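Visitor: Protein chains in written order, with UniProt numbering: chain H, 533 to 581; chain D, 533 to 620, 641 to 676, 690 to 726; chain X, 727 to 826, 856 to 1064; chain F, 968 to 1145; chain L, 727 to 774; chain Z, 50 to 66, 80 to 143, 156 to 172, 188 to 243, 263 to 436.
Note that CB positions come from ideal geometry on N, CA and C, so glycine has one too.
Structure provided below as structure tokens; questions to follow.
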Amino acid sequence: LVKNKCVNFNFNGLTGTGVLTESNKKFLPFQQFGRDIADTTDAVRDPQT
Amino acid sequence: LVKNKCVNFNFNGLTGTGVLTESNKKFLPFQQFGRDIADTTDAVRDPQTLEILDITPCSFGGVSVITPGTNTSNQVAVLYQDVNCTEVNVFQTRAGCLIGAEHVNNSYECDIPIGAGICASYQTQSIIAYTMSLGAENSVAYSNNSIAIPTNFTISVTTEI
Amino acid sequence: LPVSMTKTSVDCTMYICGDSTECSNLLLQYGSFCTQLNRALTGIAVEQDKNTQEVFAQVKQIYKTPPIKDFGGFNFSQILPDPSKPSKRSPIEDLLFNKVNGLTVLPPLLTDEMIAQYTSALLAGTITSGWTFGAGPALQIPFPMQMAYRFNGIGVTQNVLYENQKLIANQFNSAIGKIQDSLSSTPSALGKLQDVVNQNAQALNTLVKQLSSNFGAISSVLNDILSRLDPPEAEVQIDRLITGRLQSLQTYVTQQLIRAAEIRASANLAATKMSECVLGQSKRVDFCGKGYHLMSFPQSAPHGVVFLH
Amino acid sequence: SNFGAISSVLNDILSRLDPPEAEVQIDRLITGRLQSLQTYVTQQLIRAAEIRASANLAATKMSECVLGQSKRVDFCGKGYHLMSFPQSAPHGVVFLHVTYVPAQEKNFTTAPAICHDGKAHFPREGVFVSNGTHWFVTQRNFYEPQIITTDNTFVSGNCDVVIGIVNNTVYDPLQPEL
Amino acid sequence: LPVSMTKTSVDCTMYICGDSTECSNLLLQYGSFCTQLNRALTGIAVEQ
Amino acid sequence: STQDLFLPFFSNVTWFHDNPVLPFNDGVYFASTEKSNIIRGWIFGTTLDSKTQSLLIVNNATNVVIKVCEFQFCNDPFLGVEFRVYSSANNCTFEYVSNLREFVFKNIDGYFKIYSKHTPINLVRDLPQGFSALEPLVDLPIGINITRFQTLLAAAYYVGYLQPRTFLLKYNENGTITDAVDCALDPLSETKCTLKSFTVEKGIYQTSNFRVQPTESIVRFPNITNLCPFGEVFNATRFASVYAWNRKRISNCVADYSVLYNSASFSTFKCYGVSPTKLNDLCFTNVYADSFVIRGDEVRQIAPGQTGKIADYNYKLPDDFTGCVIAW
Ligand SMILES: *[C@@H]1O[C@H](CO)[C@@H](O)[C@H](O)[C@H]1NC(C)=O
Ligand SMILES: *[C@@H]1O[C@H](CO)[C@@H](O)[C@H](O)[C@H]1NC(C)=O
Ligand SMILES: *[C@@H]1O[C@H](CO)[C@@H](O)[C@H](O)[C@H]1NC(C)=O
Ligand SMILES: *[C@@H]1O[C@H](CO)[C@@H](O)[C@H](O)[C@H]1NC(C)=O
Ligand SMILES: *[C@@H]1O[C@H](CO)[C@@H](O)[C@H](O)[C@H]1NC(C)=O
Ligand SMILES: *[C@@H]1O[C@H](CO)[C@@H](O)[C@H](O)[C@H]1NC(C)=O
Ligand SMILES: *[C@@H]1O[C@H](CO)[C@@H](O)[C@H](O)[C@H]1NC(C)=O
Ligand SMILES: *[C@@H]1O[C@H](CO)[C@@H](O)[C@H](O)[C@H]1NC(C)=O
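The following block contains the structure:
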């Protein structure tokens, strides 16, 4: 996993680009990823950690 | 043949949805069917019984939900936009068929706009409606000699934004 | 000045598609124009009834004129409402009314009689209170003095008025009548209003008239197009027909907006005018009528207003 | 929305459609999207001009109800205007309109002039009022009754024309002293 | 202050179809578009 | 806001307390209100007759098992307060091992999504007037056509049926659902969806469009005149020889071929390129008819591709003639 850098990614299928930071957010155990209120991907969970 | 109903039709050349009725138009005999100023089929002569039929499209309109703030009550009223209620308590108005509303004679200041001076509010205990108040009347005593001069005053402040 | 305009409203589909799901099913692929289109007219509709309130509901509390109309010698009987008419209207405006398929037409929020009825009270406060009511609790001042103040407002000492009251009176009463026939005489008097409705009719009738062209497609009755053509090939035919029909409507809407704003520009102007010229006496020379200004007299009209400076 | 195209993504349609056939497919998104963009402009532009008209109003209004005292009734809000106070808000301005409004009054009876020495009088700035017995003249927007003098009024014409001018006295400051 | 813009006029067709009867005869399939377009321009000009 | 499959609010749900087969309308809702836990099984499939794929489940205290086989379903399967709900376990397709319990099922896109939520037993004689959400538990990838289901025990519960509606879901501050609203329940509610807001301020709001549908079709026509003179072609008394075949042009008139359907006088009633039923309802330039007499065995020759003496030397038709022919 590479952080704080402009990279391309795919987490279990979640395609896209950007930069990854440790989100302060809190998911729920079953969920996989959050989205923008305006429907844009906002966060993911690394299966690694 | 069918009259007075929202029906799908064709009179030998021309389709269209509509509600027909026996008009009083007298065409010239050679002619079958009548058209309005804006180039639209407005009449057809039923070629069996050569009546003059008036085409009127199926009465329709928008729907807007009468409501006080949900904050107040879950009980609502509904407006169906300008159809004769028979075509749909009920209190008909010039602004349409307004179900869930009870008219009231007493003049009341407008609260919610509907149309044709029709406004409503919660009461005590359901939703009412009424021809709206013109505003509160306040006649003033004119004379050729009566003068009214103020004595105290207030410095209001308002917020034009 | 025009004040409002016909609150037209056209649905998305029932214009483009006369309830032919095939046409609808194709239409949904153009995304959300019509909602955007439809919303635009909606605002136009709302802005209209907003206009009239912004120009007439300048008075919180209604007034009435007294029974006995002794006004130092001023015959406003031409402008006050008359009981004799069943519409409770006034003779002047009575002349004014005399002198003047996929869509919908909303009625105005305000009923025309109330439109008159604000004018009714508007006169009274102007008549039997002077400017004071425009600013708060109305105060009744015998009308001859109210002139004097306005004369005092034009660098014209109060002496002149009472000195010449009768001649001052008779001129005003004499003046009044000349309006009545002047409107009756000139066939192009109310053209400003007369154009507006005439323009909008030309718009809508244009809008419907467009509904009968072919736009690079086989014909302009989609049902026959639905019949005479197989769907998949008809879609391309329909597509062309949808395009022209659509942006033809688009033109209509853009046409509407700019006109509406122009009205709004006119509207506020009237409201500003009906504040400054009516609710008080201005000093903007050649704004409240040519020559030094005295007062005003609003008068209701179809979709519009008339002032008497 | 793909404006009637096969696919809604320019990348896929380049692949998932043959290139020469793509162009006609490509055209649709162009015409579709382009017009969709364009309508946004016209939508914006009209709204912008609307704002500018509004802006000028305030632009005038501040330079009217702040940098001065606009006599225009209702232009600085309800009532006679005293001062306005700007405060900045996101994208727009708010206007505290410090306005003046009379509150409470009483009935009074008026006569539009006074004749004292066979000679007419007009109030220089007041208006003649009656507490029933003693007449008074006062500024015309606050009950501040004041005594009849020569100094407070003036004179023009005699008492044969004015309607309802009322027989009454007028004082002279000079005479009691001399 | 500006007062009036240059009175501008453009034909329905002469612009779109620079005098080709084959063109306009194909255009008249388009309803009363252009006639409206002239109106606004004419409306602008008289306005000016 | 999402539109998906749900149990609509204020539905009217079946209550049990003897567990017959119950179908699956579009979704499966189930929830058992009992601390006895006796009800701990489900049956799935369409035939449920050991001949089709099926799904099985047993909710043991600590040994949770899920099965996808063609069990020889006991027609009256149960257990005791003895786990044999079937008679044989052959051709198995899949296996898995894992106070108020709600279980929502759907066999969607070939997948089987099973959702759960456990809440205490705090009710007495009604399904609680409370609210919560269902949390997904397991999605199973099993390609089964499922029509009905049955619950398996050794109490009471409720079962309704999911529906395709549209909802708004107030996702909370931390990714849970604290409330939701039906779009299509009531006027007030339908306001929220279009406003996409959970709480409406006081006023008026256009919501939808009220349109009247066409209740019936109709079409009318002039009294049908000028029937084409057909009797003098069929019922005609005398006919000519075949090389002297007469051509009777048919002018402007109405055909009404309805008689030639429902009159078996002629033996063939044979049409070429056009179905008989789809030609009594057509329009053309005009019609030409050949009325004559040929042999009893000249029946086949009246067609394209026939090239006999009658065809070639007495009366020929084009290889692509569009019409009909009758020989009796
Ligand atoms: C709205 O609801 C709030 C409760 O949060 C209440 O305090 C307020 O008075 C309500 N207002 C109206 C107009 O219902
Ligand atoms: C509605 O129906 C009534 C039935 O008597 C009829 O009198 C009335 O004219 C109808 N409404 C309109 C607008 O015609
Ligand atoms: C109002 O009064 C009229 C006159 O009697 C009557 O017809 C109508 O029903 C009354 N309505 C109400 C709400 O009282
Ligand atoms: C003045 O007198 C009239 C008639 O008695 C009365 O209607 C009016 O209310 C009075 N004004 C005040 C301020 O009391
Ligand atoms: C005011 O009108 C009354 C009505 O009779 C009249 O008697 C009175 O004289 C008038 N006022 C004056 C100042 O004349
Ligand atoms: C439930 O169904 C019964 C009978 O079918 C009926 O009496 C009852 O009104 C229904 N309840 C609701 C909320 O519709
Ligand atoms: C917020 O997150 C915490 C854990 O970080 C969780 O316990 C809590 O339930 C969440 N808030 C809500 C309203 O669910
Ligand atoms: C059509 O037939 C009807 C049957 O009653 C008859 O009354 C009518 O006069 C006829 N009209 C024509 C034009 O044939």
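Decide if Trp-436(Z) is buried, meaning its Cβ has at least 16 other Cβ atoms within 10 Å, or exposed.
Guide: Translated into positions along the sixth sequence, residue 436(Z) becomes position 328. Classification of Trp-436(Z): exposed, given that the 10 Å Cβ count is below 16.
Visitor: Taking 8 Å as the CB-CB limit, is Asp-737(X) close to chain Z?
Guide: Counted from its first residue, the third sequence places residue 737(X) at position 11. It does: the Cβ of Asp-737(X) has a partner Cβ on chain Z nearer than 8 Å.
Visitor: What residues does ligand 7 have around it, judged by CB closer than 6 Å to any heavy atom, in chain order?
Guide: Counting every residue whose Cβ lies closer than 6 Å to a heavy atom of ligand 7, we get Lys-558(H), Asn-280(Z), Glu-281(Z), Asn-282(Z) and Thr-284(Z).
Visitor: Find out if the Cβ-Cβ distance for the pair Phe-429(Z), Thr-236(Z) is shorter than 8 Å.
Guide: Here residue 429(Z) refers to the residue found at position 321 of the sixth sequence. Here residue 236(Z) refers to the residue found at position 147 of the sixth sequence. Not a contact, by the Cβ cut-off of 8 Å.
Visitor: So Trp-353(Z) packs on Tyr-396(Z), CB below 8 Å; how close in whole Å?
Guide: The sequence position of residue 353(Z) within the sixth sequence is 245, counting from 1. The sequence position of residue 396(Z) within the sixth sequence is 288, counting from 1. 11 Å between Cβ atoms; not a contact.
Visitor: Can you name the residues of chain X whose CB is closer than 7 Å to the CB of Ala-1080(F)?
Guide: Along the fourth sequence, read from residue 1 onward, the residue named residue 1080(F) stands at position 113. Here the neighbours are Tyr-917.
Visitor: Under 9 Å, CB to CB, which of the residues in the segment 705–725 of chain D have a partner in chain F?
Guide: From the segment 705–725 of chain D, only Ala-706, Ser-708, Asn-709, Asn-710, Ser-711, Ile-712, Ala-713, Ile-714, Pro-715, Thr-716, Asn-717, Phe-718, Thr-719, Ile-720, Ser-721, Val-722, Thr-723, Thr-724 and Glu-725 have a Cβ closer than 9 Å to chain F.
Visitor: May I ask you to check if the CB of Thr-51(Z) is nearer than 7 Å to at least one heavy atom of ligand 2?
Guide: Here residue 51(Z) is taken as the residue at index 2 of the sixth sequence, counted from 1. No, the beta carbon of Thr-51(Z) sits no closer than 7 Å to any heavy atom of ligand 2.
Visitor: Residues in its own chain within less than 7 Å of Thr-573(H) by CB, not counting five upstream and five downstream?
Guide: Here residue 573(H) is taken as the residue at index 41 of the first sequence, counted from 1. Once the five neighbours on either side are set aside, the close Cβ partners of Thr-573(H) are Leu-546, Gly-548, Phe-565 and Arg-567.
Visitor: If we define contact as Cβ-Cβ less than 8 Å, is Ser-974(X) a contact residue for chain L?
Guide: If you number the third sequence from 1, residue 974(X) lands on position 219. Not an interface residue.
Visitor: Hey, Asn-606(D) and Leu-296(Z) are a contact pair by Cβ (cut 8 Å); roughly how many whole angstroms apart?
Guide: Position 74 of the second sequence holds residue 606(D). Position 188 of the sixth sequence holds residue 296(Z). 6 Å between Cβ atoms; contact.
Visitor: Let me check you understand the geometry: is the CB of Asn-657(D) closer than 7 Å to at least one non-hydrogen atom of ligand 3?
Guide: Taking the first residue of the second sequence as 1, we reach residue 657(D) at position 105. Yes, Cβ of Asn-657(D) sits closer than 7 Å to a heavy atom of ligand 3.
Visitor: Looking only at C-alpha atoms, which of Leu-806(X), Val-729(X), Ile-742(X) and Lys-933(X) sits nearest to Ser-1003(X)?
Guide: Reading the third sequence from its first residue, position 248 is the one you call residue 1003(X). Answer by Cα proximity: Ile-742(X).
Visitor: Give the residues of chain D in contact with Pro-330(Z), contact being defined as C-beta atoms less than 8 Å apart.
Guide: As a working mapping, residue 330(Z) is identified with position 222 in the sixth sequence. Those within 8 Å of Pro-330(Z) in chain D are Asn-544, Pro-579 and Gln-580.
Visitor: Could you confirm whether any beta carbon from chain X is found closer than 8 Å to the beta carbon of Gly-601(D)?
Guide: For the purposes of this step, residue 601(D) is identified with residue 69 of the second sequence, where counting begins at 1. So, not an interface residue.
Visitor: Hey, is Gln-321(Z)'s beta-carbon within less than 8 Å of any beta-carbon in chain D?
Guide: Counting from one through the sixth sequence, the residue named residue 321(Z) turns up at place 213. Output row for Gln-321(Z): interface = yes.
Visitor: Please classify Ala-1015(F) as buried or exposed, where buried requires at least 16 other C-beta atoms within 10 Å of its C-beta.
Guide: Your numbering for residue 1015(F) matches position 48 in the fourth sequence. It is exposed - the Cβ of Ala-1015(F) has fewer than 16 other Cβ atoms within 10 Å.
Visitor: Below 9 Å on C-beta distance, what does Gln-1071(F) contact in chain D?
Guide: Here the question's residue 1071(F) lines up with position 104 in the fourth sequence. Result: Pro-715, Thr-716, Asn-717 and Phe-718.
Visitor: Can you pull the chain Z neighbours of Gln-563(H), defined as C-beta to C-beta under 8 Å?
Guide: For the purposes of this step, residue 563(H) is taken as the residue at position 31 of the first sequence. Near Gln-563(H) (Cβ distances below 8 Å), the residues of chain Z are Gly-283.
Visitor: At which residues does the beta strand (DSSP E) containing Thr-859(X) begin and terminate?
Guide: Mapped onto the third sequence, residue 859(X) falls at position 104. 858–860 is the span of the beta strand (DSSP E), which, as asked, contains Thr-859(X).
Visitor: DSSP has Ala-609(D) in a bridge; who is on the other side?
Guide: Position 77 of the second sequence, counting from 1, holds the residue named residue 609(D). Its beta-bridge partners are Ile-598(D).
Visitor: At the level of alpha carbons, what is the spacing between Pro-589(D) and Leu-368(Z)?
Guide: Locating residue 589(D) in the second sequence gives position 57, counting from the first residue. Locating residue 368(Z) in the sixth sequence gives position 260, counting from the first residue. Spanning the two alpha carbons is a distance of roughly 41 Å.
Visitor: Are three or more beta carbon pairs between the segment 1114–1132 of chain F and the segment 899–918 of chain X nearer than 8 Å?
Guide: Contact holds: three or more Cβ-Cβ distances are below 8 Å.
Visitor: Which residues of chain X have a Cβ atom closer than 8 Å to the Cβ of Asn-317(Z), listed in chain order?
Guide: Locating residue 317(Z) in the sixth sequence gives position 209, counting from the first residue. Within 8 Å Cβ-Cβ: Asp-737.
Visitor: Please look up how many angstroms separate the CB atoms of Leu-996(X) and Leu-966(X), rounded, as I've assumed it's under 8 Å.
Guide: For the purposes of this step, residue 996(X) is taken as residue 241 along the third sequence, with counting starting at 1. For the purposes of this step, residue 966(X) is taken as residue 211 along the third sequence, with counting starting at 1. With a Cβ gap of about 10 Å, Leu-996(X) and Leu-966(X) do not count as contacting.
Visitor: Is the segment 735–755 of chain X in contact with the segment 1083–1092 of chain F, if contact means three or more CB pairs nearer than 8 Å?
Guide: The segment 735–755 of chain X is not in contact with the segment 1083–1092 of chain F.
Visitor: Considering only residues of the same chain and omitting the five flanking positions on each side of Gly-999(X), which have a CB-CB separation below 6 Å?
Guide: Reading the third sequence from its first residue, position 244 is the one you call residue 999(X). Excluding residues within five positions, the ones whose Cβ falls inside 6 Å are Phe-970.
Visitor: Using 7 Å as the cut-off, classify the Cβ of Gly-311(Z) as near or not near the heavy atoms of ligand 1, replying yes or no.
Guide: Stepping through the sixth sequence from its first residue, residue 311(Z) is reached at position 203. Result no, Cβ not under 7 Å from ligand 1.
Visitor: Using the beta-carbon count (16 or more within 10 Å), is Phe-392(Z) buried or exposed?
Guide: Start at 1 with the first residue of the sixth sequence, and residue 392(Z) comes out as number 284. Flag for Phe-392(Z) reads exposed.
Visitor: What runs of the alpha helix (DSSP H), each 4 residues or longer, lie entirely inside the segment 905–950 of chain X?
Guide: Listed in chain order, the complete alpha helix (DSSP H) runs (minimum 4 residues) inside the segment 905–950 of chain X are 914–918 and 920–940.
Visitor: Can you tell me which of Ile-100(Z), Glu-324(Z) and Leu-216(Z) puts its alpha carbon nearest to the alpha carbon of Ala-243(Z)?
Guide: In the sixth sequence, counting from the first residue as 1, residue 243(Z) sits at position 154. Cα-wise, what sits closest to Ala-243(Z) is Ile-100(Z).
Visitor: Quick check on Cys-1126(F): does DSSP put it in helix, strand or coil?
Guide: Numbered from its first residue, the fourth sequence carries residue 1126(F) at position 159. Reduced to three states, the DSSP call for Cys-1126(F) is coil.
Visitor: Could you check what DSSP says for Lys-964(X) in three-state terms: helix, strand or coil?
Guide: Walking along the third sequence from the start, residue 964(X) turns up at place 209. In this structure, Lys-964(X) counts as helix in the three-state DSSP scheme.
Visitor: 8 Å is my cut-off, CB to CB: does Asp-745(X) come that close to chain D?
Guide: Indexing the third sequence from 1 puts residue 745(X) at position 19. Yes, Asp-745(X) counts as interfacial toward chain D.
Visitor: Can you determine whether any heavy atom of ligand 1 sits closer than 7 Å to the C-beta of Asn-710(D), and answer yes or no?
Guide: Translated into positions along the second sequence, residue 710(D) becomes position 145. No, the Cβ of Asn-710(D) stays beyond 7 Å of every heavy atom of ligand 1.
Visitor: Measure from the alpha carbon of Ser-1021(F) to the alpha carbon of each residue in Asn-764(X), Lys-1028(X) and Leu-1024(X), then state which is nearest.
Guide: Working through the fourth sequence from its first residue, we reach residue 1021(F) at position 54. Here the closest residue by C-alpha is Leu-1024(X).
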